[PDB]
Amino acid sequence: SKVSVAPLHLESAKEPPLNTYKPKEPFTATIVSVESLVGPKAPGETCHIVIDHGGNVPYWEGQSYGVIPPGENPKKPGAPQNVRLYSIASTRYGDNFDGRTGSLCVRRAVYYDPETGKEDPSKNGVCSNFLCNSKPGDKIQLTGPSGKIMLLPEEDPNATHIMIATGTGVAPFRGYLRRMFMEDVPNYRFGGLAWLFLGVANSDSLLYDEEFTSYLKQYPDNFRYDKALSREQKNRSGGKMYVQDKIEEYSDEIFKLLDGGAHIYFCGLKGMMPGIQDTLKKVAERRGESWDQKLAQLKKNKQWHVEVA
């Protein structure tokens, strides 16, 4: 059955926390664990980081933490580094079900010369490698939380939520789905449909696949799960199989759900959105509908939720 969580007073706030800690006086949190999420054939390393905030930096699902990596702003001598934002991949109770930790899902940004393939560590991403290089007991400068675009609408506990992720864009949806299915939250009993679409390079690049597959067996009437493995599968048109191609496979069901009030969420690569728009336009055209008019209505009805970078 569902996992007991504490403390219940995390359900009492009527508004999400915002900017509890600011860049000039961050919260000094402590690393609990860092682990790789991926196998040896993944094109890059993605890690799962558990951070002890001690209850001092609570958040709601869908929000982000800021991390200030150590060192000096290169474009501003004497200044600290700029904040980098990370979508929180845990529920408000965290991976230890106690309200004391939050988790991040972090892709290592690594530079390769585009002609020779030669790596250059000096051009690697600062914060992402700082995080995935961290060890238990290391300190992390935390800011935030921030963000409201990806808060989960809970007014209707039987709503439908269609979740479209590329890579580490899966992060908020891990939190959504643990709250919907894993945790014993008496004041949110989800009875709708949650449908996760996840695009990653290959099987070794899957993120939290065991957890999501377990929801298929535990909640077969409330959860659906489809994967697009871009370097292991090809789409109808001959391109790499992307999430937009998986959406097209279920176009009629998805459009019916949207017409019925479903929420739809997009998180991950900003580059996926032009392809998704192109696919949805083509689907609409085949149905004899205008995607522009449909998208305008979805935005007006607050059904359309995008956070990409």
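The first residue of the shown sequence is 1; numbering continues from there.
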Exercise for the section: Name the higher of the two by mean Cα B-factor in the PDB entry, 274-282 versus 64-72. Expected result: 274-282
Exercise for the section: Determine, for stretches 192-200 and 120-128, which one has the higher mean CA B-factor as deposited. Expected result: 120-128
Fill in the blank from the handout: Highest CA B factor of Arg92, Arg231, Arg107, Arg178, as deposited, is found at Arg231
Practice task
Name the one of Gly78, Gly137, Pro153, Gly167 with the greatest CA B-factor according to the PDB entry.
Solution key: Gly78
Completion exercise
Here the Cα B-factor of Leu295, set against its chain, lands in the third termed middle
Handout entry: Chain third (lowest, middle, highest) by recorded CA B-factor, residue given as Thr46
Key = middle
Handout entry: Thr28 CA temperature factor, ranked by third within the chain
Key = lowest
Practice task
Sorting the chain's modelled residues by C-alpha B-factor, tell me whether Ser251 ends up in the lowest, middle or highest third.
Solution key: highest
Problem - B-factor third for the C-alpha atom of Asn158 within its chain - result: middle
